[PDB]
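A.B. asks: Mind having a look at this structure? Questions to follow.
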Amino acid sequence: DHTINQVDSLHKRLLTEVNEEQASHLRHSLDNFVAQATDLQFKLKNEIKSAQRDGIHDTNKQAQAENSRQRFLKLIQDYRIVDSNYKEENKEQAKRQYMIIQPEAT
Amino acid sequence: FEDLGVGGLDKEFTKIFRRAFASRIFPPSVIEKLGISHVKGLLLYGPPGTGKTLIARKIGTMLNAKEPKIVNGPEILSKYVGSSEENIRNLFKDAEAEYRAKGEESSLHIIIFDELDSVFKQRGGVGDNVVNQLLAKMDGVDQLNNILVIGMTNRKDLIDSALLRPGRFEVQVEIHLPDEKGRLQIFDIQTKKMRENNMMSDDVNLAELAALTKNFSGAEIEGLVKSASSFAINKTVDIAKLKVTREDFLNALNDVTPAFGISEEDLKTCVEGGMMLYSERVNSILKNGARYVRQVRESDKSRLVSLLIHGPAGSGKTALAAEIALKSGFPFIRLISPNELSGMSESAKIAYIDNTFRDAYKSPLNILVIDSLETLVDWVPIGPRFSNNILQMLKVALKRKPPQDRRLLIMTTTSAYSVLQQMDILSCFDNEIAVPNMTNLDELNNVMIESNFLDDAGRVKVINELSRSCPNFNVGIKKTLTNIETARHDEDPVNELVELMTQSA
Amino acid sequence: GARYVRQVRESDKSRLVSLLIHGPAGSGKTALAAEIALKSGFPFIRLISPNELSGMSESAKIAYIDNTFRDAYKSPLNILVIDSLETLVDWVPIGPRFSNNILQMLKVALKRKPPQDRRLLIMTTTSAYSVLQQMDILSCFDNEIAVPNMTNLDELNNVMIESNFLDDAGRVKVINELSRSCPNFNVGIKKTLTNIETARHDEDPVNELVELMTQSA
Ligand SMILES: Nc1ncnc2c1ncn2[C@@H]1O[C@H](COP(=O)(O)OP(=O)(O)OP(=O)(O)O)[C@@H](O)[C@H]1O
Ligand SMILES: Nc1ncnc2c1ncn2[C@@H]1O[C@H](COP(=O)(O)OP(=O)(O)OP(=O)(O)O)[C@@H](O)[C@H]1O
Ligand SMILES: Nc1ncnc2c1ncn2[C@@H]1O[C@H](COP(=O)(O)OP(=O)(O)O)[C@@H](O)[C@H]1O
């Protein structure tokens, strides 16, 4: 969750960054946070699957597993939302820049 | 069919015999009572080095034709007006003469064109005149029905539309790579001198050898056998019993490199530095790769998969892709990296890429790796700039399904995920792997023990100093290894190693 | 589409008609176009795709297209399909860069009436309707069908049963789970099929498919 919120913050900042060097630094930090997010996703995937398998015979363990599942699902939803919003915003900016008369020919 | 020296090609001979020669075998009385002409052309196509020239030559011999007259594509051209096409006219003279003189009892002539798709492009320069000449002669106002012309080519889809009409090039055939039965039969044909004349030992089992060689082209097996015999005889120098054993065969098989096979040496060079599991991630990543490999091999509908691995610079990304590939056992393995492409012209780049992709579709089973994207695409941020056409070549390629049941996996790596987002290309890819760098001290401990940097005292003290000094260590493996070597070959490990590690993070 | 086919086959004046299929990516447009084509019996049917236009030079692309159009005119009844216009032209958004010549040629070609009362139908497909508005090319088209995504669970169940993937308890479990796990649901059919098939191999039970369907929406 913490990493997802950091990704959202970098998304918002990269929309406004005009210094090319800072934008590059933001892109690389973004790459680091995205990579960490994917790795946590894979780890939780395997660990939760193993916990649900381990809880088959104990209603309390099953309950724990299902709670983890719910929370992980909420995390996934949050990720999806962030991603969608950012895509939609990147579209409006890509519209902004070129919908006007342009610098003199090549 | 097989009494003559051609192995594995069975249906083709039935097909060609039924269409070509069923109208030249029976006595002329019957066929003239049937009033049909004879086929006057044949186009057989396929990858090089499969035996097209051989079959073409043999066809003449079965019909007791005149000796073949032969030419190859690019040599036709000249630079004087009206000389470049006169040659195409020369080749039919003798046939015309004999037809006029004798009549309907003449003996069949044969002509062989090579690399037809060098010159005969779609029309609409010299090229049009060349094509026009060939059309006007191959079927003209004057009847001439004692000839046959044979064509061999690699790319059927650029020959002009008019030569392929019923009347000029009627029968179109494909020659594909040998199967297992083909390889076994090829061995049987090839080792006839050695068998009857008794210089082959009794221990060698050619069935096993056929089972061992995959995607061998059918020509190179000759190379293998002659090399093995040369190996044995040179080893001898004694005339007791000159026998070739399985040893020589194994040696030669090891030596040769097929064209449509694994390119091991590059992939070995890629991972020269060794794979040590300094943390838990490596196992997980490799497991993921193996899973996907299985998915490719076992399915039926998922004939293609696109998989991306991405992460920060210097994190050691490409080596993992290599390791996954080399631990798979697929026959066909090629690698595309900037090192090859450097120095070429743009057209050359696109041509190379196109050919490389086109190659894989022929083999049953393929894995293909791409080294880096921003580099190939000429990205540079200021402006920014890049070569578009290459980008499109890749973009269209990454969606092509193999034309037939053949199967392909494609792997690629990059350092600039976000930039790929921004160009809007990401829709091609199905699954993603992340490769982060080290942010721990015990990891550094594992790598120093594997590299055996120093004795335990130095090791313990440096981990202690970095524990107390750097709290949020974060660097890739590249700088770690090179820095470790630098400290080793330099003096006083604390004096540099600790400082350099701090300065790098 | 059937109505259009009939209308073109029998109308003295209506010699030329141009349709436009547009919709979100992965909605599966080309399949529909092909199905419309196959059930018409029009003797001349031929296809242009970026697939065939691979690795040539620009002029060659022009020559190829021009030849194909020319070939179409020498027959009484004809149908052509054009795949992924906005990709024949090599549109890329940063700049943006694209080739002008091919665009102009198509702009011209789509309007030229065939000679001697011969009959033609043209279909084309796209996934970037907005940029087409922006380039001011939409005048050429006489009508526009729209294809949206699937957006309900019952449809997804229909897809499972046509795939025969589901078991009887499996469908109940998955449908209920997703019914509470996802308020809004919208995906392309292509991705759905991919997911059903990858889920059919490993861990067949409802789990893998449920979270995969989540990981699509
Ligand atoms: N666990 C590991 N995984 C990958 N590479 C490793 C590992 N441990 C050590 N290495 C070293 O990393 C190198 C292989 O990675 P490679 O050179 O392909 O890096 P890369 O990130 O692709 O490079 P680049 O910075 O050029 O993009 C070798 O020197 C290898 O020994
Ligand atoms: N009724 C259907 N409608 C659409 N697609 C279907 C249908 N039934 C099955 N399919 C499958 O889904 C695919 C739809 O996607 P298709 O290959 O047409 O891609 P597309 O969305 O047109 O292309 P692009 O990726 O260029 O946007 C069909 O090719 C077929 O494999
Ligand atoms: N199927 C085959 N049967 C027999 N010999 C073959 C076969 N394929 C290749 N060869 C051998 O390889 C050579 C065939 O040459 P070929 O593959 O046609 O090369 P090119 O196409 O350059 O002429 C001959 O030595 C031939 O005996």
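A.B. asks: Tell me which residues, restricted to the range B:78-115, are assigned to a loop (DSSP other than H, G, I, E, B), touching a helix residue (DSSP H, G or I) at 6+ places or on another chain (Cβ under 8 Å) and more than 27 Å from residue B:55 (Cβ to Cβ).
C.D. replies: Selection gives B:78, B:84, B:85, B:104.
A.B. asks: In addition: Taking into account only those residues within the range C:92-101 that are among the hydrophobic types (A, V, I, L, M, F, W, C) and over 20 Å from the mean Cα position of the chain (by Cα), which is farthest from the other protein chains (Cβ to nearest Cβ)?
C.D. replies: The residue in question is C:98.
A.B. asks: Mind checking which residues of the range B:320-342 are within 16 Å of ligand 1 (Cβ to nearest atom), farther than 24 Å from residue B:377 by Cα and surrounded by fewer than 16 Cβ atoms within 10 Å (Cβ to Cβ)?
C.D. replies: If the condition is that a residue be within 16 Å of ligand 1 (Cβ to nearest atom), farther than 24 Å from residue B:377 by Cα and surrounded by fewer than 16 Cβ atoms within 10 Å (Cβ to Cβ), then B:327 is the only one that fits.
A.B. asks: When the residues of the range B:169-191 are narrowed to those that are assigned to a loop (DSSP other than H, G, I, E, B) and away from ligand 3 (no atom under 12 Å from the Cβ), which ends up nearest to the other protein chains (Cβ to nearest Cβ)?
C.D. replies: B:169
A.B. asks: Looking at (1) loosely packed, with under 13 Cβ neighbours inside 10 Å; (2) of a type outside the set (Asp, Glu); (3) touching a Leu at 6+ places or on another chain (Cβ under 7 Å), which is the one condition that is false for residue B:466?
C.D. replies: (1)
A.B. asks: Filter the range B:445-478 for residues that are under 42 Å from the mean Cα position of the chain (by Cα) and farther than 17 Å from residue B:274 by Cβ and give the result.
C.D. replies: Residues satisfying the conditions are B:474, B:475.
A.B. asks: Inside the range B:6-37, can you point out the residues that are in a loop (DSSP other than H, G, I, E, B) and surrounded by fewer than 13 Cβ atoms within 10 Å (Cβ to Cβ)?
C.D. replies: B:22, B:25, B:26, B:27, B:35, B:36, B:37
A.B. asks: Return only the number of the condition from (1) within 11 Å of chain A (Cβ to nearest Cβ); (2) closer than 23 Å to residue B:299 by Cα that residue B:415 does not satisfy.
C.D. replies: Going through the list (1) within 11 Å of chain A (Cβ to nearest Cβ); (2) closer than 23 Å to residue B:299 by Cα, residue B:415 breaks only (2).
A.B. asks: May I ask you to say which residue of C:59, C:40, C:75 is part of a helix (DSSP H, G or I) and either away from ligand 2 (no atom under 13 Å from the Cβ) or under 18 Å from the mean Cα position of the chain (by Cα) (or both)?
C.D. replies: That would be C:59, the only listed residue that is part of a helix (DSSP H, G or I) and either away from ligand 2 (no atom under 13 Å from the Cβ) or under 18 Å from the mean Cα position of the chain (by Cα) (or both).
A.B. asks: Next question, about the same structure. Any idea which residue in the range B:192-240 is nearest to the other protein chains (Cβ to nearest Cβ), counting only those that are among the aliphatic types (A, V, I, L, M) and near ligand 3 (Cβ under 10 Å from one of its atoms)?
C.D. replies: B:219
Residues checked against (1) under 28 Å from residue B:220 (Cα atoms); (2) of a type in the set (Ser, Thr, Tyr); (3) more than 16 Å from ligand 2 (Cβ to nearest atom):
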{"position": "B:84", "(1), (2), (3)": "no, yes, yes"}
{"position": "B:93", "(1), (2), (3)": "no, no, yes"}
{"position": "B:98", "(1), (2), (3)": "no, no, yes"}
{"position": "B:104", "(1), (2), (3)": "no, no, yes"}
{"position": "B:114", "(1), (2), (3)": "yes, no, yes"}
{"position": "B:128", "(1), (2), (3)": "no, no, yes"}
{"position": "B:143", "(1), (2), (3)": "no, no, yes"}
{"position": "B:162", "(1), (2), (3)": "no, no, yes"}
{"position": "B:190", "(1), (2), (3)": "yes, no, yes"}
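A.B. asks: Which residues, counting only those in the range A:51-88, are more than 10 Å from every other protein chain (Cβ to nearest Cβ), in contact with a helix residue (DSSP H, G or I) (Cβ under 6 Å, 6 or more places away or on another chain) and closer than 23 Å to residue C:186 by Cβ?
C.D. replies: Within the range A:51-88, A:78, A:82 meet the criteria.
A.B. asks: Quick check: anything in the range A:33-50 surrounded by 15 or more Cβ atoms within 10 Å (Cβ to Cβ) and away from chain B (no Cβ under 14 Å)?
C.D. replies: Within the range A:33-50 (the criterion being surrounded by 15 or more Cβ atoms within 10 Å (Cβ to Cβ) and away from chain B (no Cβ under 14 Å)), the answer is yes, since at least one residue qualifies.
A.B. asks: Oh, and also: Among the listed residues B:374, B:298, which satisfies the condition of being within 14 Å of chain C (Cβ to nearest Cβ) and either within 15 Å of ligand 1 (Cβ to nearest atom) or in contact with a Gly (Cβ under 6 Å, 6 or more places away or on another chain) (or both)?
C.D. replies: That would be B:374, the only listed residue that is within 14 Å of chain C (Cβ to nearest Cβ) and either within 15 Å of ligand 1 (Cβ to nearest atom) or in contact with a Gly (Cβ under 6 Å, 6 or more places away or on another chain) (or both).
A.B. asks: Of all residues in the range C:126-146, which are surrounded by fewer than 15 Cβ atoms within 10 Å (Cβ to Cβ) and of a type in the set (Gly, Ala, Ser)?
C.D. replies: C:130, C:139, C:146, listed by residue number.
A.B. asks: Sticking with this structure for a sec: What residue, of C:88, C:166, is more than 14 Å from chain B (Cβ to nearest Cβ) and surrounded by 15 or more Cβ atoms within 10 Å (Cβ to Cβ)?
C.D. replies: Only one candidate qualifies: C:166.
A.B. asks: Those residues that are more than 23 Å from residue B:48 (Cβ to Cβ) and surrounded by fewer than 16 Cβ atoms within 10 Å (Cβ to Cβ), I need them from the range B:147-161; list them, please.
C.D. replies: B:161 - this is the single residue of the range B:147-161 that is more than 23 Å from residue B:48 (Cβ to Cβ) and surrounded by fewer than 16 Cβ atoms within 10 Å (Cβ to Cβ).
A.B. asks: Still on this model: Only one residue in C:34, C:63, C:72 is out of contact with any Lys or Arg (no Cβ under 9 Å at 6 or more places or on another chain) and either within 24 Å of residue C:134 (Cα to Cα) or more than 9 Å from chain B (Cβ to nearest Cβ) (or both). Which one?
C.D. replies: C:34
A.B. asks: Turning to a different aspect of this structure: Is there a residue being of a type in the set (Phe, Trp, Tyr), more than 34 Å from the chain's Cα centre (by Cα), over 25 Å from residue B:155 (Cβ atoms) and more than 16 Å from ligand 2 (Cβ to nearest atom) anywhere in the range B:3-20?
C.D. replies: The answer is no, given that none of the residues of the range B:3-20 is of a type in the set (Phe, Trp, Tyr), more than 34 Å from the chain's Cα centre (by Cα), over 25 Å from residue B:155 (Cβ atoms) and more than 16 Å from ligand 2 (Cβ to nearest atom).
A.B. asks: Hey, another quick one. Any idea which of C:109, C:199 is small (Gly, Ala, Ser) and under 30 Å from residue C:10 (Cβ atoms)?
C.D. replies: After ruling out the rest, the residue left standing is C:109.
A.B. asks: Is it the case that residue A:4 is away from chain B (no Cβ under 13 Å), within 11 Å of the chain's Cα centre (by Cα) and surrounded by 15 or more Cβ atoms within 10 Å (Cβ to Cβ)?
C.D. replies: yes
A.B. asks: Right, here's the next one. Just name the residue that is farthest from the other protein chains (Cβ to nearest Cβ) out of those in the range B:321-346 that are among the hydroxyl-bearing types (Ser, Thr, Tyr) and out of contact with any helix residue (DSSP H, G or I) (no Cβ under 9 Å at 6 or more places or on another chain).
C.D. replies: The selected residue is B:342.
A.B. asks: Considering only the range B:223-239, state which residues are under 30 Å from residue B:176 (Cα atoms) and either within 16 Å of ligand 1 (Cβ to nearest atom) or exposed (fewer than 13 other Cβ atoms within 10 Å of the Cβ) (or both).
C.D. replies: Residue satisfying the conditions is B:226 alone.
A.B. asks: Name every residue in the range B:398-417 that is surrounded by 18 or more Cβ atoms within 10 Å (Cβ to Cβ) and out of contact with any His (no Cβ under 6 Å at 6 or more places or on another chain), in order of residue number.
C.D. replies: Matches in the range B:398-417: B:407, B:408, B:409, B:410, B:411, B:412, B:413, B:415, B:416.
A.B. asks: Being more than 16 Å from ligand 1 (Cβ to nearest atom) and within 14 Å of chain B (Cβ to nearest Cβ) narrows it down to one residue among C:26, C:41; which is it?
C.D. replies: Within the list C:26, C:41, the selection yields C:26.
A.B. asks: Among the helices (runs of 4 or more DSSP H) confined wholly to the range B:404-505, which include 1 or more residues that are under 30 Å from residue A:90 (Cβ atoms) and more than 16 Å from ligand 3 (Cβ to nearest atom)?
C.D. replies: Of the helices (runs of 4 or more DSSP H) lying wholly inside the range B:404-505, those with at least 1 residues that are under 30 Å from residue A:90 (Cβ atoms) and more than 16 Å from ligand 3 (Cβ to nearest atom) span B:417-423.
A.B. asks: I'd like to verify a number: residues in the range C:131-168 that are more than 25 Å from residue C:96 (Cβ to Cβ), aliphatic (A, V, I, L, M) and assigned to a helix (DSSP H, G or I), how many?
C.D. replies: Final tally of qualifying residues: 5.
A.B. asks: Another one. Identify, from the list A:23, A:65, the residue that is more than 21 Å from residue A:83 (Cβ to Cβ) and either in a helix (DSSP H, G or I) or touching a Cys at 6+ places or on another chain (Cβ under 9 Å) (or both).
C.D. replies: A:65 is the lone residue from the list that is more than 21 Å from residue A:83 (Cβ to Cβ) and either in a helix (DSSP H, G or I) or touching a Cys at 6+ places or on another chain (Cβ under 9 Å) (or both).
Quick note: the coordinates plus some simple rules give every number you see, no bench work behind them. Positions of Cβ are generated from backbone atoms using ideal geometry, with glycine treated the same way; all protein chains shown enter the neighbour counts.
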